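The data below hold one chain only, encoded as structure tokens and taken in the form deposited in one PDB entry.
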């Protein structure tokens, strides 16, 4: 009804249960004016959005119809690592049922994708990803209830011969970015707003591309980070979203008109190829070229809603009982990536911590590219980066580190079991930059 906007089909819980069979299968699709066979969940790119409420039961049966094994990571969900099992393999032709309960305090935007080590980057790049939304009682206050809500899945692509483009040697070093910069699987869609206040849930599901988001003539009001609400709205002129990160923003359209949502130039330290003999800046790739993500059309005579005065207070965290240091390094030409000097070994436990305690983690990027650090199972609070305070309080599960930056994270250890932490430039994860945490 009214103007259409491309957006994944939503599957909702009913009577406290979301039970769904989801097949991972090669799928011919229409895309950017052409036909391509992608790897998809549920026959769509992106996959379907699962929408639940706290205390719901999720029962998702993943049906592997791919030519290779796979698994699922429930990215950002603070559940058991015996469910969110990074070491599980589902062979081709087999199924596996993931069952869990949505925690009572959780809210925001999460996502699911493959996590079979060694094959994450080709599988995610081929199209295997979908969103998960946890509704909150806060969504009922008038300042959010009457906003026009949309999910925006930011994910680029490159095609060759009607299939996802193959990974090159440069791709394993830099991470793979595509030439088709898509929103919900569409090339530069147009959103004809019917309300003057929009609530946009944003997901960077790209392998490696960064999105320095800016809306023409408008600020963004950040109300949620990766894993939950902020304490109150935070006005920003632009918002950088690293791979794996999510955010929710309100947009207040004041004037009629058509406004571009753009991914402004950002230099994440990727490296170019060689030869040379010039006068200025080469060798690095330098900043991304600017991209138009979508066109936003404001409604007639727009009067936006007032902003909410407060959102969700952030929990007081106890004093930490241990401090950890995790140093990220790289060898670019070999395209190998390390944590404290070692590459991932699934038979090696790297950190041993205690359930029901809080730790400080100091994560130090001693490389030259941005690396976005992700910890499964245990959401954290970013204290500082580079010795300066983080700009808000909210649960995160991905923190971006530029060259030489050190992040101090407060990590409450929740569920027992064995889980992982890794760079979410998933090529780097495939090429070494992952370690194992065991909680007892």
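Rigid core here is just the name for the largest C-alpha set that superposes within 1.5 Å across the two forms. Numbering follows the first chain given and starts at 1.
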Mind pulling up the entry and telling me whether 284-292 or 93-101 has the higher mean Cα temperature factor? 284-292
Higher mean Cα B-factor in the deposited model: 187-195 or 296-304? 296-304
Among 335, 270, 213, 242, highest Cα B-factor in the entry goes to 270
Residue with highest C-alpha B-factor in the PDB entry, from 114, 122, 278, 227: 278
Among the modelled residues of this chain, does the Cα B factor of residue 372 put it in the lowest, middle or highest third? lowest
Using the B-factors in the PDB entry, rank residue 396's C-alpha atom against the chain and give the third, lowest, middle or highest. lowest
Just say lowest, middle or highest third for the CA B-factor of residue 378 relative to the other modelled residues in its chain. lowest
Taking the chain's C-alpha temperature factors as the reference, tell me which third residue 14 falls into: lowest, middle or highest. highest
CA B-factor placement of residue 425, once the chain's modelled residues are sorted into thirds: lowest
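Quick note: we don't show the form deposited in another entry, though the next part is all about it.
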Picking from 271, 83, 282, 360, which residue has its CA shift by 2 Å or more between this form and the one not shown, once the rigid core of the two forms is superposed? 282
Closer or farther: the CA pair residue 263/residue 282 in that other deposited form, versus this form, with a change of 3 Å or more? farther
Assert for residue 280-residue 263 (C-alpha, 3 Å or more) in that other deposited form vs reference form: pair farther
